[PDB]
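A.B. asks: partial complex follows, first chain(s) only, in situ:
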Amino acid sequence: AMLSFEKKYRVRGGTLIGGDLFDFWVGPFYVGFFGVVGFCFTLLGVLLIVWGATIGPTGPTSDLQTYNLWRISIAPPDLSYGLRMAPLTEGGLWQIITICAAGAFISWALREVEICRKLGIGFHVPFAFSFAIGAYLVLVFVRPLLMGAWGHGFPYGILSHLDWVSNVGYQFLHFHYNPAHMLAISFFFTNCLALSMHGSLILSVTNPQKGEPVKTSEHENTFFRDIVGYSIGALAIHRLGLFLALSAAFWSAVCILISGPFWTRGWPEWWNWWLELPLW
Amino acid sequence: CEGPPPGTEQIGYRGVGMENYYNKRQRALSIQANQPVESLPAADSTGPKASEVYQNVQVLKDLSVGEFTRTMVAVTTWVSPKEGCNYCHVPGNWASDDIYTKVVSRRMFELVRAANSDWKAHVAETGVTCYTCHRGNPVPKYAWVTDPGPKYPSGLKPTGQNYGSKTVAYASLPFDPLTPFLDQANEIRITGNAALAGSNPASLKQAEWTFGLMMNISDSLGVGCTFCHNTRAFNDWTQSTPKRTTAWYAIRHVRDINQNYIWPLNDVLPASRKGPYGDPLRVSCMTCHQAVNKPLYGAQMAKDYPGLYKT
Amino acid sequence: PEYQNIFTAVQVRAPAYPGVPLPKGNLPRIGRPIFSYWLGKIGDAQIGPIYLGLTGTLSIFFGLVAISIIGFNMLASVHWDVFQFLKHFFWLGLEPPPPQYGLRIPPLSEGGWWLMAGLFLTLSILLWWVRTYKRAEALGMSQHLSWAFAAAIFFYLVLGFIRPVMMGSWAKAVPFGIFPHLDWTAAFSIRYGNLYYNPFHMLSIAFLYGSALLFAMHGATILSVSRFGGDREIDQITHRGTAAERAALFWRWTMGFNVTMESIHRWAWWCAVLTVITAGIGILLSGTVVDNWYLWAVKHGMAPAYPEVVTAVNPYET
Amino acid sequence: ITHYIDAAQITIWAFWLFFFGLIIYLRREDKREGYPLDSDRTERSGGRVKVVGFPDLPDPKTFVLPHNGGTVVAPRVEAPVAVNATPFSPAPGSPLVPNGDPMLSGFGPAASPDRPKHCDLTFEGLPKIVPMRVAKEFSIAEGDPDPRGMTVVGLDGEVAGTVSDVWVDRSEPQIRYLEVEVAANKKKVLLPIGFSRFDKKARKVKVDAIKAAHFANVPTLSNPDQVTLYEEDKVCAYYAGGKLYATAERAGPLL
Amino acid sequence: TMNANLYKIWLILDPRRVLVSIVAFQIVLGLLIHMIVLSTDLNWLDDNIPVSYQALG
Amino acid sequence: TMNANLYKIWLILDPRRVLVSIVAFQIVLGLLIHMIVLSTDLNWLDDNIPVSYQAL
């Protein structure tokens, strides 16, 4: 089925790879070459996750195997394997799922580019999705490579990856003092504030008080000038929201990338360059 | 800023994230800066005991005259090499105790013998010599006194925290955990043993004092928290490393050193050895470890000096 | 290549807009508006005017008192030395009262200033809430902003007031300071047995991540259709245009379903609001109901188990 | 006394009940445009089966327009509009191919709905988007070049015409369109700022969307001093068709 | 010494904003002084005068 | 030593903004000075003078 206004946009072409071969929809989904390619990566990765849950860390007969949703964990190899492929039951399964995940993500983004070409719209969304992919690849590719072992990746488990985050963080004693981490968090918080402000404002002028007509661009600008003496503007709030969300992802990737590869001591002690300036 | 790649070590199970990272070039230079002085040649272990040859030997009674001389040579290089034998001895009278350095040194011998014989749960067979702390200086470089912190006006009580302090590795956590925990014996545990509320009165500020002590410990050993903990459950011994057990005994060892060996010497120590509160320079993890997981990278010096053990 | 509509290349100017006229009872606005060229590169160049009645005047007075009490105490903690105040600024703080005072008003020299800053900041925020409410009322707009603001105020109140009162001690509230409030954040997780295992912490993270996901998606979606006037969301909502059609089809073809130009702002509203609702609930339950979140997760069967490769003898057992 | 049920567990379950209720609320709101779906199931059923999925559509809300502009309802019954294209294959899920010259087909990225034939208005009730000829209180911000008199080039660098005016938003001051006096036919056509790059030192506006000769067929304004919503969509959509249609290479694929 | 044309201040400063700012300033000042004095030896609520009511029970 | 045309400053500086700024600055300065004095040995509230009022 199609949205009642959709048929007049379902045009042939705009593919990057594949042309007419895969140029079709399946229900709502556009497929194309990267839909097929992404589907294979995705279905394989998910089924290898279920297979990893089925055999557990030490075989399906041990007390450690579990289908409990919180406890399932597929883990990377020991650091001793370095940049080599571990045996499937010793972290190699995690490594293959990682390659599947990256391919699924990147194929998803290129499918999005083909959709933009069909619709004649800007490429902001696949560009923005690339920042999330970049952060994932810093976590499983750039940072592990710089330290010399794929085993620095995080495990694929709903709660087990929180244990990874905790223990990597406290390797630096007090990870809160990571300067790129402070900046990234500031962007995450500011983004959430900005999103609630934006959502609120659009809903409050299109759903005004009873008896009122729909409000105007002049109301939107007046409302925040009245509260903070400034209005960024209806176009610019979307510029701002995109800037804050991408900055949050970017400084995230930076903050984990420097943790190990470019800094090994506690994070509070980094700030000693400031304390030690010959000014005070 | 540092450059990749770092040195790495896996501590816990794969994916749990218990890993250590270090700078390779700083490690190599630290190893050079933590060299142990080569042991003296073995001495003649025969003849009369020092207990029956000398006039006022109260601790090293059972050494032969040769081993006793060798011990005196060794402590001179370890403690007062620039000054020599008479840093601890009245000129022309070796038996005299009329110099404060000799009285202090006598108790220092008992400290080391107690550590090497009675505290192996901490120092194992590696043990300690005078060198471990003094490093060739009469005053150990990494002794400590109670820290008063920055000045406040008279109408505002100091908080003991919120200040950039090397002692807690530049966090704004309570910056003197040494006095309450490595001298006095305040409770370090705050984590509950039951899921539900009802039986744990420990406080968030106690958590911060404990966190401050743990920053100091980590910095003193040059390690991260996962050297001893799985940080998903800091309290859970079953998920901790064997280094945590060792560290537990080391805290009690340090308390014993400060309470029973350093503090009772306060009256004979000069005013130059005391902090603004009148307390003597004394011992923390840093004093021996000096930012290394084992003092001197674990060099076994004490085993070659029989006088550094009890009986 | 194409124009990405990130920066305005050519700004235009018009006489400053004084704002939509307000009903009788509102005070006249104040300030002579100015224009910033550099703000005009990314957004609106006009700064001002501003509204300021009794609610906001009282809010700002309470808030400046609170802020000045904090800064004063920071400077006093380095003995008035302005150079050391700049050196240690991120470390300095205004500290909650000692535990011995419980919830009683503590002495000026040891916690009274914290209690006054918390009181006056709280009144300042509550009055700011009334301000956001009144400013929507005077324009004839609905109260979506004040409802979301109330959800954030709920979380703030739980952190510094509700939980400390429930737990019987101002010493359990949050210090005013940069690095000190980060110490407090980490110490709270330590004290309560690892906040990762608090299920409302997990939800708050899902919604904080989701807020950045959704603003990246929506921000980028709207700029990609700004070539069709899609940033003018009021008239795209009343009079669906090819901006709104292409936006919805981009997402339907990508992930199988889509929303509307109006209803994406409802998804965004709830995602952001649920971030602080779940955050308040999570802290509200810590110490009062659950003393150790990890053991609560063990009890309910959630905590992963690992092969034992390190373990330690308990010297309290030995 | 010990119990498995505890207040944290109670509260998290209460949250799930609320959250799933919220999702169903939101999915209903999501269906106020575009539903019921155009399917081949409704065709063969003679219209008997309306495809709406789950949850079902909400009851209509009303938008009351200012200045006595009327009432908009959502959801609403919208009339089918013929598609100027033929399916590339008869199989379901296949794309369609525009009839005639693609630029002019009103199909694909050239497509757009028929918005209302009246102008967006300022709060005071004047036409919102107007040329600087009409809104004489507007000026170019000092520091920025005046686009008037710049030469407009198409995707292949050929001269399409000159900028004859600038169309501004009177509600929120900004350029929304450039007015281009087209060399080929001397008509004045709108050019959205969204499709315009400034080459400031050369005083050139570059338009990647279409060729210079394509400017001859940019849709025209009924009234030279204002623009209706309807005309805004027809203008912007015509440029966007060029993104896919203006050259052969733009069809893809790369490989 | 006051001034006979002091009344002309209301030709200079807006009477409504002056009134609003005085009300606001005095509310904050009143709350601030009570809290400052309650944080000192002068506290009249926790002074056990005339008696301690927590000791009666 | 003063100047005879000093009144002309009000041809230069707006009387309204000057008056407002003066009273805002003086009120803040007075808050600040009382805070400084209260934080020192000169504190007159917690000095137990003429007596301490906190009974046991």
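C.D. replies: Looks like it arrived, so ask away. Numbers count the residues shown, from 1 in each chain, chains lettered A, B, ... in the order given.

A.B. asks: CA only for contacts and neighbour counts going forward, please
C.D. replies: Noted.

A.B. asks: okay, now the domains of the chain?
C.D. replies: Picking chain A for this. Following curated CATH domains, chain A resolves into domains at A:1-171, A:172-271.

A.B. asks: wrong one, chain C
C.D. replies: With curated CATH domains as the reference, chain C has domains C:1-142, C:143-301.

A.B. asks: pick the most deeply packed of the ones you listed.
C.D. replies: Mean neighbour count (mean count of other CA atoms under 10 Å in any protein chain shown) peaks for domain C:143-301 among these, with a mean of 22.

A.B. asks: now do the end-to-end distance for that one.
C.D. replies: Domain C:143-301 stretches 42 Å from its first residue to its last (CA to CA, to the nearest Å).

A.B. asks: that one and chain B, any residue contact?
C.D. replies: Yes. Using CA under 8 Å from any CA of the partner chain, domain C:143-301 reaches chain B at C:171-172, C:179-180, C:183-184, C:187-188, C:190-194, C:287-296, C:299.

A.B. asks: the residues you listed also near chain D: which ones?
C.D. replies: With CA under 8 Å from any CA as the criterion, the members of the residues of domain C:143-301 next to chain B in contact with chain D are C:289-290.

A.B. asks: pretty sure residue C:76 sits against residue B:155.
C.D. replies: No. With contact defined as CA atoms under 8 Å, residue C:76 does not reach residue B:155; the gap is 9.8 Å.

A.B. asks: does the residue of chain B found nearest chain E count as helix, strand or coil?
C.D. replies: Closest residue of chain B to chain E, CA to the nearest CA: residue B:155 (11.5 Å). Counting by DSSP: H, G, I helix; E, B strand; the rest coil, the backbone at residue B:155 sits in coil.

A.B. asks: which ones are touching it?
C.D. replies: Shown in contact with residue B:155 (CA atoms under 8 Å, 6 or more residues apart in numbering or on different chains): C:109, F:38-41, F:43.

A.B. asks: give me that answer again for 6 Å
C.D. replies: Contacts for residue B:155 (CA atoms under 6 Å, 6 or more residues apart in numbering or on different chains) come out as C:109, F:39-40.

A.B. asks: can you add chain G next? sequence is:
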Amino acid sequence: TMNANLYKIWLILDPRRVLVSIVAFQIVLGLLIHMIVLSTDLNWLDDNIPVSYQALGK
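C.D. replies: Adding chain G to the chains above:
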């Protein structure tokens, strides 16, 4: 020895902005120097000179 045409500085720099800036700068500097002096041995408030007024009551 300053120049005779130095008054022409008020043809270049705005007398209003200059007067406001000097006033603002001088106030901040005054606050800063008092604080710097109070942070040192020169402190005249907590020096208990002439007497300690807290000692009277404690």
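
A.B. asks: same as before for the contacts of residue B:155, with chain G this time.
C.D. replies: Residue B:155 makes contact with C:109, F:39-40, according to CA under 6 Å, 6+ apart.

A.B. asks: in a markdown table: those, plus distance to chain A and secondary structure.
C.D. replies: A markdown table is the format used below for the contacts of residue B:155 (distance: CA to the nearest CA, whole Å; DSSP: H, G, I helix; E, B strand; the rest coil):
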| residue | distance to chain A | secondary structure |
| --- | --- | --- |
| C:109 | 27 | helix |
| F:39 | 25 | coil |
| F:40 | 25 | coil |
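
A.B. asks: could you pick out which of those residues are near chain B?
C.D. replies: Intersecting these with the contacts of chain B gives C:109, F:39-40 (criterion: CA under 6 Å from any CA of the partner chain).

A.B. asks: secondary structure element for residue C:83?
C.D. replies: helix C:82-88 (DSSP states H and E).

A.B. asks: just to revisit the earlier point, out of the ones next to chain B among the contacts of residue B:155, which is nearest to chain D?
C.D. replies: residue C:109 (38.8 Å).

A.B. asks: the closest one touches residue B:156, doesn't it?
C.D. replies: Yes. The pair residue C:109 / residue B:156 is scored as a contact, 4.3 Å apart, by CA atoms under 6 Å.

A.B. asks: do a quick rundown of the helices in the chain.
C.D. replies: Picking chain A for this. For chain A, the helices defined by DSSP state H cover A:32-55, A:92-119, A:124-137, A:143-147, A:160-170, A:179-206, A:217-228, A:236-257, A:267-270, A:272-275.

A.B. asks: look at chain D instead
C.D. replies: Using DSSP H, the helices found in chain D span residues D:7-29, D:40-44, D:229-245.

A.B. asks: repeat for the stretch 101-250 of chain C
C.D. replies: Using DSSP state H, counting those that start in this stretch, the helices of the stretch 101-250 of chain C run over residues C:113-138, C:144-157, C:163-167, C:178-191, C:199-224, C:233-238, C:242-255.

A.B. asks: could I get these as TSV with distance to residue A:274?
C.D. replies: Listed next are the helices of the stretch 101-250 of chain C as TSV, based on distance: least, CA to CA, whole Å:
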stretch	distance to residue A:274
helix C:113-138	28
helix C:144-157	31
helix C:163-167	35
helix C:178-191	14
helix C:199-224	31
helix C:233-238	46
helix C:242-255	47
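
A.B. asks: can you slot in chain H too:
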Amino acid sequence: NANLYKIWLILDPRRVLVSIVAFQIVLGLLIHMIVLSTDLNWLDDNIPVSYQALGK
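C.D. replies: The block that follows adds chain H to the chains above:
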């Protein structure tokens, strides 16, 4: 140089003056701060005498 005066045909005299004033005030603050952080400190050096000692 004889033609150095032409620099005022290139650089706005007003902005150069303001920038010179702003930079010199900041530099002056910076250098006093730096010098006070060291052994040369003349305020906290108990010279000619310690006034806190006087009060004891």
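
A.B. asks: the contacts of residue B:155 with chain H there, same question as before?
C.D. replies: Contacts of residue B:155 by CA under 6 Å, 6+ apart are C:109, F:39-40.

A.B. asks: any part of the helix holding residue C:83 near chain H?
C.D. replies: No. Using CA under 6 Å from any CA, helix C:82-88 never reaches chain H; the gap is at least 6.8 Å.

A.B. asks: contacts for that helix?
C.D. replies: Applying CA under 6 Å, 6+ apart, the contact partners of helix C:82-88 are residue C:75.

A.B. asks: repeat that for 7 Å
C.D. replies: Contacts to helix C:82-88, defined as CA atoms under 7 Å, 6 or more residues apart in numbering or on different chains, come from residues A:275, A:280, B:163-164, C:75, C:78, G:35-36, H:33.

A.B. asks: before we move on, what about stretch C:256-263?
C.D. replies: Stretch C:256-263 is contacted by residues A:28-29, C:233, C:236-237, C:244, C:248, C:251-252, D:29-30, D:33 when judged by CA under 7 Å, 6+ apart.

A.B. asks: repeat that with 6 Å
C.D. replies: Contact with stretch C:256-263 is made by A:28-29, C:237, C:248, C:251-252, D:30, as judged by CA under 6 Å, 6+ apart.

A.B. asks: over to stretch D:174-192?
C.D. replies: So stretch D:174-192 is contacted by C:12, D:160-168, D:193 (CA under 6 Å, 6+ apart).

A.B. asks: repeat that with 7 Å
C.D. replies: If you take CA under 7 Å, 6+ apart as the criterion, stretch D:174-192 is touched by C:11-12, C:227, D:160-169, D:193, D:215-216, D:218, D:220, D:236.

A.B. asks: if we can go back for a sec, now the contacts of helix C:82-88 as CSV including distance to residue A:34?
C.D. replies: Output for these, formatted as CSV (distance: CA to CA, whole Å):
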residue, distance to residue A:34
A:275, 52
A:280, 59
B:163, 55
B:164, 53
C:75, 60
C:78, 61
G:35, 67
G:36, 67
H:33, 62
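
A.B. asks: top of those by neighbour count?
C.D. replies: When neighbours are counted by other CA atoms under 10 Å in any protein chain shown, residue B:163 leads these with 28 neighbours.
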